[PDB]
Amino acid sequence: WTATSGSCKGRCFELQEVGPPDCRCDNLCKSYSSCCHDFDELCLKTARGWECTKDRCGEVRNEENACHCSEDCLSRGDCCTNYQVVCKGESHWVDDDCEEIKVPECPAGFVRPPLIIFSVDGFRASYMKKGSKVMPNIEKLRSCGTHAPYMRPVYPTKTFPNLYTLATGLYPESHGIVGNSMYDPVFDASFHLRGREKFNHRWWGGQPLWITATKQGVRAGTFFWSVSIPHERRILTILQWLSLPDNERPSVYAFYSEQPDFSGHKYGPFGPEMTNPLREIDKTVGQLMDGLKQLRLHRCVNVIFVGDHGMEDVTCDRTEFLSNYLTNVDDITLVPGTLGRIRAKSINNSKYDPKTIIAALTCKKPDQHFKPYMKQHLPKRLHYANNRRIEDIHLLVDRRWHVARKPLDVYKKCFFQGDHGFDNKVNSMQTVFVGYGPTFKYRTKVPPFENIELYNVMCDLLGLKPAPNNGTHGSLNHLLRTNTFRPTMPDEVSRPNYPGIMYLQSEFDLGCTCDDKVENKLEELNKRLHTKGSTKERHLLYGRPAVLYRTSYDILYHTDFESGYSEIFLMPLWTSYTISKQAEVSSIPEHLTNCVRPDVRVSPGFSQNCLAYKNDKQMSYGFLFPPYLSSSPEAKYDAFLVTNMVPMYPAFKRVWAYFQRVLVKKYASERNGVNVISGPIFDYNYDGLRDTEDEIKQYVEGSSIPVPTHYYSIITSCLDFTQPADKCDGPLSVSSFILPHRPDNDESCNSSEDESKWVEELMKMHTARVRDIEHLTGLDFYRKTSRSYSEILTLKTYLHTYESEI
Ligand SMILES: *[C@@H]1O[C@H](CO)[C@@H](O[C@@H]2O[C@H](CO)[C@@H](O[C@@H]3O[C@H](CO[C@H]4O[C@H](CO)[C@@H](O)[C@H](O[C@H]5O[C@H](CO)[C@@H](O)[C@H](O)[C@@H]5O[C@H]5O[C@H](CO)[C@@H](O)[C@H](O)[C@@H]5O)[C@@H]4O)[C@@H](O)[C@H](O[C@H]4O[C@H](CO)[C@@H](O)[C@H](O)[C@@H]4O[C@H]4O[C@H](CO)[C@@H](O)[C@H](O)[C@@H]4O)[C@@H]3O)[C@H](O)[C@H]2NC(C)=O)[C@H](O)[C@H]1NC(C)=O
Ligand SMILES: Cc1cc(OCc2n[nH]c(=O)n2C(C)C)c(C(C)(C)C)cc1C#N
Ligand SMILES: [Ca+2]
Ligand SMILES: [Ca+2]
Ligand code: NA
Ligand code: NA
Ligand SMILES: [Zn+2]
C-alpha cells in the first residue's frame, strides 16, 4: 500500500529511495505503483517540447515548461540542451573539431571526472560502420576517443544478463541473472520480464557498480529508467544532477535506451526502418554532449557508449519444434527461443528421464538447427552451468533459428524479424564499445574484448576498488591514458621437485611392456644433457607455468618436451613442446604400438599402471606429447614414458590423435612454428574451477588414476609470423581449446566421417581463453616473456573465435 497523497514538490527524481510510509518520486515509483499524486505534473513536464527556439531566448521563466530558455536557466541547471546554440551563438558539440583531452578540464569542486554510461539495447557492432552516415555524434565519440571494432557480450546474449554483467563484472552463472526468464527451485519462484518478482533483491547477486561506489563514498545516479520516461527527460535529469552542489552530486550516471533493440525485433537488424532509430539515438547523444558542453563538462566527463548484445535475422518460420522429436512433449517445460532450457513439468514425475530426452534430441534430422547438451558439456567459454537456475538440459540454437515446444506456441501466444540470445561468439551478437574522455586514449583503436572486463575499468575510472569479479584486472589498461591498475603476477605456491634417476626398472610392476631393450659416449653424454634440461629453452618458451595451489609435483625434462608431473593426479598438469615450421610428422613404429615405459625418475607408487587400462573396458590411454612429432627415432622412446600417459576414452582418442598427428603440424606450418602446452582438466562440479582431489567422480577402474573431464591446449606463436615461434622478439599470438573428454562423439553429428570432416569443427566450438584454462588448472602461464604484464593479461583474455570479418 502507498499513501500517494504526499507531494513530489522539490523531490523530482530524488536519489534516495523513500520506501516505507511515503510516496516516491524516484524512477522506481512507476514500477512499484507508488508515485506521488503530482509526479507526472511536476516531474514529467513536456510543455513546449525539448528544444529552444529563437523566440524563446531570454523568455521569462515559466515553471510549466519541459525545459528552459530564460537567462536564469544555466545557474538553475535546467536549460534545453540546445540553449547556448540557439540563444548564445554557440556550436553543437558535434560540429567542433576534436581536440585531444590531455588532462581533465573540470569546474571547481569536481573531485574527479564523472563517468556516464550510455547504454543502448540491441546495438549490433556493425552499426558503427554501417550506420556511420546517420550517426555523426556517435561517429565523433568513436573516431576521437578509444573504440573497439566490437565488444563480446556474455551468453545468453539477452538484455538482463548482459546489463547486469556490465554492472558486476560477473558471468551470469555467478550474478544469478541467467536469462530474461528464470525458475529458481530453492525459492520455488519465477523471474519474468513483466511483473514485480524481478525487483526482489534475492535474484540479483554480486555487487553492482552503484553499490561498489556507494560503499566507498562515491554517489550514484539511477541505473534503471522507467520505460515511459522519454529519453529527452532522462538526459535532462542527468544534467540536472550534474548541477547539484558537490556534496550531493553523483559521480557515476547511466542512461539506457530501449532502441535500437525494440525496432530490430520488428524489422530485423538491417531493415530499412532501422535508419530512424539510429538517427534518434544519435540525436540523444548530441543532446547529452551539448548539455555537457553548456555545463563546461565536455572535457571533464568520461563517457562510455556501450551495447548489451547485437541482433540477428530470425523469423517464425525458422522454428524447430520439440513436438517433432519427443513423444512425451507434455511432460517437459521449455524456456524457448534463441536458446532452450528444459526441465520436468512435474517434480512428482519419476518416469522423467534426462537421458532419453537428450537422446531423442540428438542428430535426429539432417539439417537440425539446435544441439542438445547436458549443461556441464556446453563449451567452457560460455561459463553457463554453475547455477541452480540453469536447467540441466540446454539447447544451443543455430543463429537465425528458434526452438519452441510445439507449433501452437508460435502462432497462438508472423510478427518479428530479429532476435538475439545465441552463442556469444556469433558475429551478429557482437555489440559496441567506445570510451571518450580525459581518462581514455585519444583516436585509439583497441582489439575486441569481453564485457566482463568493463566493471574493473569503471571502478578504475572512479578510483574504486572492484569487488571480486571475472574480469582480469589490467587486461584493459591499454584503453586508458591514466588510472591504470598495475597488477603483480601471483606468487607461485608450490615449488617443483627436480628428480634424477632414482629407480631401477625391476622395481616397477605396472604390467606395461615395451620393445625398447635395443642398444657410446658421443650420444650418451648428449641424452644425459637432455634429461637435465639442455633443450628446455626450445620447448619452454615463456617460463614454466606457476602452480598456484599446494601440491606435490616434479619437473621432467626430455629432448622434445618438458612436463610438470603431479604425484597426486599421477599425470602431468602440463606438458610443453615446440614444433618448428620445418618439423616432420612420423608414425608410431610397429614394434612400439603398445609400448609404455617406466620412468626411472618417478616411483612405482606415483606412476600409472597398464593393468588398470587393460581391465577398464571403457578406458584407453593417450599421450600428452605426441609420439608422431618426435625429433628422432631415439627421442621417440621418451614419448612412451608412463609419465606422459593420460586416460582417454577411445572415442576421444579419435579427436586427440587427429589434433596431434595432423593439426599441430598444420598450425606450425601456418604460424611459422608453434609452442604447445597441453594437459588435463578436472571440473566435475562444473564451477569453472580446478577440482581438488576429493571432488573427482571417476577413476580408471580399480585404480587411483583420475579421469579428466577435459583436455586443453594452449598454442602460442609470434604475432609477426615472419619470425619463428622460438625466436620471437615482439608480441605473441595465441589460440587455445578446452575439449570435453567424452566417451562418445554424439556432439559431432558427422563423426562417422573421417576426422578431417568434423574434428577441427569440434575444436573451434571449444575454443577458450588462456585465462579459462588458468581457472580450471590453478596454473599461471607466460611468467617469463619480454612483454609487459598488462599486455600478457590481454593475451590471456584473448579468444580465437574463427568467425570471419565483422
Ligand atoms: C567469477 O568471479 C566470482 C567472484 O569472485 C567467483 O565466485 C566466487 O567463487 C567462490 C568459490 O566458488 C565463492 O566462495 C564461496 O563463498 C561462500 C559464501 O558465499 C556467500 O557470500 C558471498 C560474499 O558476499 C556472496 O557473493 C555469495 O553469493 C552467491 O550466492 C548467493 C545466494 O545463493 C547469490 O545471490 C549469488 O548470485 C552468488 O551465487 C553464486 O555463487 C554460489 C557459491 O558461492 C553458487 O552456489 C551459485 O551457483 C552462484 O554461482 C554467497 O551469498 C562460502 O560459504 C564458501 O566456502 C565453502 O568452501 C570453503 C573452501 O575454501 C570452506 O572454507 C568452507 O568449508 C565452505 O564450505 C562449506 O559449505 C560447503 C557448500 O555448501 C559444504 O560442502 C562444506 O561441507 C562446508 O559446510 C566459498 O568461499 C564465492 O561466493 C563466489 N562469489 C560470487 C559472487 O559468486 C567465480 O568463481 C568466478 N568464476 C570463474 C570461472 O573464475
Ligand atoms: C547501464 C545499465 C542499465 C541497467 O538498466 C537499464 C534499464 N532502464 N530501464 C529498463 O527497463 N532497463 C533494463 C532493460 C532493465 C542496468 C540494470 C542492472 C538495472 C538492469 C545496469 C546497467 C549497467 N551497468
Ligand atoms: Ca537487450
Ligand atoms: Ca571444479
Ligand atoms: Na581399456
Ligand atoms: Na557422432
Ligand atoms: Zn531484444
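Swiss-Prot numbering applies to chain A: residues 51-463, 468-573, 576-591, 617-887, in that order.
Any Cβ shown, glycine's included, is placed from N, Cα and C.
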> With reference to Swiss-Prot, which of the candidate residues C137, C148 participates in the disulphide bond with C194?
Replying inline: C148
>> Need one residue: from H474, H527, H532, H586, the one Swiss-Prot lists with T209, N230, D311 for 1-hexadecanoyl-sn-glycero-3-phosphate.
In response: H474
> Of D171, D234, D238, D332, which one shares the Zn(2+) 1 site with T209, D358, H359 in Swiss-Prot?
Replying inline: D171
>> Say which of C73, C79, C93 is recorded by Swiss-Prot as the disulfide partner for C86.
In response: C73
> To the nearest angstrom, what is the straight-line distance from the CA atom of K463 to the CA atom of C468, with 4 residues unmodelled in between?
Replying inline: 11
> Greatest CA-CA distance (Å) over the residues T209, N230, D311, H474 that the record ties to 1-(9Z-octadecenoyl)-sn-glycero-3-phosphate?
Replying inline: 15
> Non-local Cβ contacts of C809 (disulfide bond) (under 8 Å, 6 or more apart, same chain)?
Replying inline: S798, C799, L800, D801
>> Within a 10 Å radius of its Cβ, which of these disulfide-bonded residues (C73, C468, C566, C676) has the fewest neighbouring Cβ atoms?
In response: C468
> Cβ distance under 8 Å to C148 (disulfide bond), same chain, sequence separation 6 or more: which residues?
Replying inline: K190, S193, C194
>> Is it possible to get the count of other C-beta atoms within 10 angstroms of the C-beta of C691 (disulfide bond)?
In response: 17
> For Zn(2+) 1, what surrounds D171, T209, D358, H359 with a Cβ no more than 8 Å from their Cβ centroid?
Replying inline: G172, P203, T207, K208, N212, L213, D311, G357, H474, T485
